[PDB]
């Protein structure tokens, strides 16, 4: 019934392969937070934490290269890339630079590139969930879950065992 809650999240597909949800709850009541470094790379650390065996501070480098590949394949079709306003080539140079922030754009492409579902949970300073944005058709159990906090930071999330 705990996992029934999560399994019963209400996802509205607003654009192909992109869903929004508005549940209300404390992130920490359902997920374990796995804090990531406070450098400019936390988005990639967070993905690394959840996708790579024996993750470390340098693992993110591999996800940044996955992002490059995904971009060459998807960037020019990504609706959100229209907010970036960069040629594919300029974007690649910028994205690849050290300590460059990640975002919902990289999430959308990585989901496609990696064949997985990625969910970004955005929270108030109180760690209450304002919204989830989902890239991919998967559900929360199969997804890579990220926590977006302070409007500027990503950490990794794992579902708590009792709900797994």
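Numbering follows the first chain given and starts at 1.
- Compared with the other entries of this protein, residue 125 is frequently left unbuilt, missing from a third or more of those that build its neighbours.
- Higher mean CA temperature factor between 9-17 and 148-156: 9-17, per the PDB entry.
- The stretch with the higher mean CA B factor, choosing between 102-110 and 22-30, is 22-30.
- For the set 66, 120, 52, 116, the PDB entry puts the maximum C-alpha B factor at 52.
- Per the deposited coordinates, the residue with the largest Cα temperature factor out of 133, 42, 48, 95 is 95.
- The deposited CA B-factor of residue 72 belongs to the highest third of values across its chain.
- Ranked within its chain, residue 80 lands in the middle third, by CA B factor from the PDB record.
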